Each structure stands twice: as C-alpha cells, then as structure tokens.
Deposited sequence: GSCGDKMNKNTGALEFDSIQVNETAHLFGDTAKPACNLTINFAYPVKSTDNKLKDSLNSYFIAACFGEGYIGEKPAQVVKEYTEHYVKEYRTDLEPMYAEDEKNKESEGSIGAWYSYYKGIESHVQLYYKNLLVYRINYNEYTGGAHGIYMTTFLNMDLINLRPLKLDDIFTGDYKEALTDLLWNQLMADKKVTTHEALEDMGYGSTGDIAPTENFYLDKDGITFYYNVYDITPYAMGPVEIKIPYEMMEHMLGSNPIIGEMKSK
C-alpha cells in the first residue's frame, strides 16, 4: 500500500571530546539520531531517499556512503574542527588568564519519519547548536519526499501560477484567527511579523488536514518567542493547489 514498502532504523551517536583530551578541560558534545530506510522493494527509491536524508542532515560531501560510515566521518570531522581551532585559542586565553565558558560546544542532529502514507514521506530534522555566547540556535526542517518523482516537494510543486502574495495573505489571516485578533498591528504588537513579513516558506509539511508552514526562530518573531506554525486547511486553498496525486491522497486520508 505504501510506495516502496519502506522499513526504517536509526544510527545513534553520542560523543564528548575534550580539548587536549583532558576531562578537566572544556569539551564539545555531539548527538546524532539519524533515521534512514534499511529495507525497500525499490532499492532505487531507497538510495534516492538515503542521499536526500544524508545531504539534508550532514551535507552533500557524504553522498554515496553507508549511513554508519557517514555518521562516523561526520563525528570525527566535528571533533577535529573543534580541537584544532579551540586548543591554540584556549592555550592563548590561558597564557594571558580565569578563562571563559566560551569553549563548551554542543551540536545535536535528530531525524525521524513524521508521516509515511501512499506516495508521501514526511521527514523531520531537528537541529541544535551552541558555541558559547548568550544562547545557541535550534532549527526544525521538513522534507516532503515525493515517492514517485524521488525528490522533495517545493511550493511550486504544490501550487500553480503566482501564489506568493495570495499565500502571504492566507498565512496572516490564519495567524490572526489562531491568536483571536482582527488586525496585522494586533499580531505585530504580540511580536508576530516584528522581524519581517510573514511570506510563504519552503519549510512546510503536508498532513491529512492541510499544509503547516513552519517558522523557525528569527523568521517572523524575535528569537525569545520560539518557532511558530501556521496551518492552512486544504479546503481554503482548493483552487490554488496543483495536480500532484499526493495532494489528492492527503485530502482523501
């Protein structure tokens, strides 16, 4: 029933590497929880999906390798990037002298299958990083894998013609409803749209009810307000939607 009859597993990595290999010294901490297809009745589709998941989580340079190898190389690269940069920096800050908490680094990459129905595979990537400073950054990314065309769906695969201005107004109208307000200013006073206009984003995901547009920190709100989701039901976009059978499959579910 589901395209490629995909089965998944994950690779977990958790590494603490201290400067100078000394436990009393600052460390970098890496966490990987990577979901990837292990079995398929279409290995072409399996290789395609693995390439996109690896490219999105770790980078294009890692294409062609087994995920276990990718995660190993990625982990070594991160530790060596950290040590070769921060060890001479720490020795310098020490030569002058207490040194700061500017040397404790964290990077987390988690990915899992959010939805897998008929010709659609929704892959969610959670990313977080801290390199000293007041705070770090955290991001949620989505891939809407078209299991026929073996590529992620973009807005111009889901919408016909010139829809940017139209979708912008739908997004504003929906957020106004969610926050029980009747003005752009009322939303703006709550901080929505205070870092910029609520334009449609390529960071979205499909589900049985509609399209959820996912705004990461800074996109439309200040960092401190966190991410924000704006969901548009399919019923409100009927005439704007494309011919891709995934749209019909989502609407039917």
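Asker: In sequence order, which deposited residues have no C-alpha?
Answerer: Missing C-alpha atoms (numbering from 1) occur across the ranges 1-8, 106-109.
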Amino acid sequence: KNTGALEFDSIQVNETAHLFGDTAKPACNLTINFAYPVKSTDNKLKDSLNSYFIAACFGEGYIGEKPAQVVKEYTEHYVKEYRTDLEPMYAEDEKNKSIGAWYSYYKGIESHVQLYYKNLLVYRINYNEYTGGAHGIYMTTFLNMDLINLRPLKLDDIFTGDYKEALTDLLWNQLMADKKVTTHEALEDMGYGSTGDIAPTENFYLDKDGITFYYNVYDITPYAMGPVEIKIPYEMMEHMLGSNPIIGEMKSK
From here on, numbers count along this sequence of modelled residues.
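Asker: If you average the Cα B factors in the entry, which is higher, 19-27 or 231-239?
Answerer: In the deposited entry, the stretch with the higher C-alpha B-factor mean is 231-239.
Asker: Would 206-214 or 36-44 have the larger average of its C-alpha temperature factors, as given in the entry?
Answerer: Between 206-214 and 36-44, it is 36-44.
Asker: In this PDB entry, which of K107, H112, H77, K179 has the top CA B-factor?
Answerer: It is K179.
Asker: Given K97, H135, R83, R124, identify the residue with the highest C-alpha B factor in the PDB entry.
Answerer: If I rank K97, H135, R83, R124 by C-alpha B-factor, first place goes to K97.
Asker: Please say which third, lowest, middle or highest, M139 falls into when its CA temperature factor is compared across its chain.
Answerer: Ranked within chain, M139 CA B lands in the lowest tercile.
Asker: Quick check for you: using the entry's CA B-factors within this chain, is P200 in the lowest, middle or highest third?
Answerer: For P200, whose C-alpha B-factor we compare with every modelled residue in the chain, the answer is the middle third.
Asker: Is the Cα B-factor recorded for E65 in the lowest, middle or highest third of its chain?
Answerer: Highest third.
Asker: Looking at the C-alpha B-factor of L171, is it in the lowest, middle or highest third of its chain?
Answerer: Answer is middle: the recorded C-alpha B-factor places it there.
Asker: Could you tell me which third, lowest, middle or highest, the C-alpha B-factor of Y163 occupies within its chain?
Answerer: Within its chain, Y163 is a highest-third residue by C-alpha B-factor, going by the deposited values.
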